[PDB]
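Structure first, then comments.
Just follow the structure's listing: the first ligand is 1, and inside any ligand the first atom is 1. The residues of the chain are indexed from 1 along the displayed sequence. Computed from heavy atoms alone, side chains included, the values below leave out hydrogens, waters and symmetry copies.
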Amino acid sequence: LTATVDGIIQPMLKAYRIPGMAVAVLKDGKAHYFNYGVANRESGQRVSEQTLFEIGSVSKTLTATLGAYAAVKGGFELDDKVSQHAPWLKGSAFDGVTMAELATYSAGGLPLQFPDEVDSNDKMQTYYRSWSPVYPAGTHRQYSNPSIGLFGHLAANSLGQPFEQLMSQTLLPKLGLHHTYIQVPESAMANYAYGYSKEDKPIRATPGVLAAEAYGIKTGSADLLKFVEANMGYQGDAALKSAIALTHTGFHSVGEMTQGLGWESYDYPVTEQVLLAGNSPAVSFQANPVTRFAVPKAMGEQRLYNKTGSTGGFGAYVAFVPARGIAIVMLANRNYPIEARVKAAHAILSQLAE
Ligand SMILES: *C(=O)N1C[C@H](NOS(=O)(=O)O)CC[C@H]1C(N)=O
C-alpha cells in the first residue's frame, strides 16, 4: 500500500480527541481497513469495520441513488415539476421547481434545516405549501436538508413506496449493503457506537422530519466502502448501474465544484486548497449563484467525488476517484472539523494515486 494511513490519521485523532475512527481504503481492487480507538468510551469497546457510525449527510449519496433509481424505473423524470409528483403541492411554488433542482439544492433558497416548528408530516406539508422562494429556480445553490429530503420522499412515492421501504428492501440489498440501517435493529445494537459531542457528552441521533433522507443512515466502514465500490465500475444490474451513473451527472457548478445527485465532484488532480474551498462554509452555509448547464453533463471517471456528513456526535467523510480505483472512507464518533477530514483524506488519496 503506497499510503501512510496510520501516520496521517493518528496525529489527527489526538489533535481533535477523536475517541474512535474506522478508516477503509480501496486500491487496485482490494479493501484495507484501519481501525482506531473505541466505539464506546465507558466500556472501551473497540472500533472495527463493523462498528455502526452515524454517517450524517453522507446519507444523501444513498438518497440520491434511490431517487435516480426511481427515475430510471419510470417513476419520474428529472425535469418534471415537483408538483407533478405530489398532489398536495399543486399550485405551490413547486409548480415551478424541477425534481433535479430539488435534488441539487437549487430550487431557490430552501434552508439548511426545517424551522424548529416543523415536527410532523402535516406541518411539513404546510411548510412546503407556504414556502416563498428566495431566488428564481435553478440559479442559486443553498445546501438544504428540506430540499433533498423532499426529493427522496417524492422519488420513493413515485414507485408507490415509502422512502424507508424502497431504501431498506430494494436499494440497500441490491447494493449488497446488509448491515446498513435507517433505524438500527435490536440484533445490531451491540455494534452501534456512541457519538461524543463538541461539548463531549455521549450522544446519538435525534430523529427529525425527513432525517432518513437527509442525514439518518447508520453503517460501518466496510458497508460504506462497498457502496463506494459500486460507484467505481459497477458490474451488474442495468437499472442500478444507470442510477449510479445519474449520480455522476453534473447539474451546475459553484467555483471548482460540480453538483451531482448527492455526490459533489472536482477535476482530478485537485489541490488541497480547492478541495478545502469547495467544502467550506463559503459554499455550504450561504446561497451562491451557480454556473448553469443547459443540459446535465455526464462528468466522467477522472474526478474526485466526495461527501461530508456530521451529526451531534459523529463526523464522516468519503472521497474516491473512479479512474484510479482509489477511495477513502473515514467514520468517526466525534464531530470534528471538516477541514481536518479533507486534509487527511486528500493526503491519503494523493498517496493511493501513486
Ligand atoms: C449533514 O450531515 N448535515 C447537513 C449540514 N452539513 O452539511 S455537510 O454535512 O455537508 O457538512 C448540516 C449538518 C448535518 C446535519 N445532520 O444536518
- Query: At the 4.0 Å heavy-atom cut-off, does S310 count as touching ligand 1?
  - Reply: yes

Nearest protein heavy atom to [atom], by residue and atom, and its distance?
atom: atom 13 (C) of ligand 1; result: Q113 NE2, 4.3 Å
atom: atom 6 (N) of ligand 1; result: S57 OG, 4.0 Å
atom: atom 7 (O) of ligand 1; result: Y143 CE2, 3.4 Å
atom: atom 8 (S) of ligand 1; result: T308 OG1, 3.3 Å
atom: atom 5 (C) of ligand 1; result: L112 CD1, 3.6 Å

Sub-3.5 Å N/O-N/O distance, [X] and ligand 1:
X: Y215; result: no
X: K60; result: no
X: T311; result: no

For [X], the ligand 1 atoms whose distance to one of its heavy atoms is below 4.0 Å:
X: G309; answer: 2 (O), 9 (O)
X: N145; answer: 4 (C), 17 (O)
X: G56; answer: 2 (O)
X: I338; answer: 11 (O)

- Side-chain donor-acceptor pair present, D79, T98, cut-off under 3.5 Å: no

- Message: Could you report the tightest heavy-atom contact between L66 and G152, atom names first, then the distance?
- Response: CD2-O, 4.0 Å

- Item | Which atom of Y336 lies closest to which atom of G315, heavy atoms considered | CE2-O, 4.0 Å

- Without swapping roles, check the side chain of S59 against the backbone of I217 for a donor-acceptor pair under 3.5 Å. yes

Should we count [atom1] of [X] as having more than 12 external heavy atoms under 6.0 Å?
X: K241; atom1: NZ; value: yes
X: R129; atom1: CZ; value: no
X: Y194; atom1: OH; value: no
X: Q10; atom1: CD; value: yes

- Would the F251 and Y105 ring centres measure less than 6.0 Å apart? no

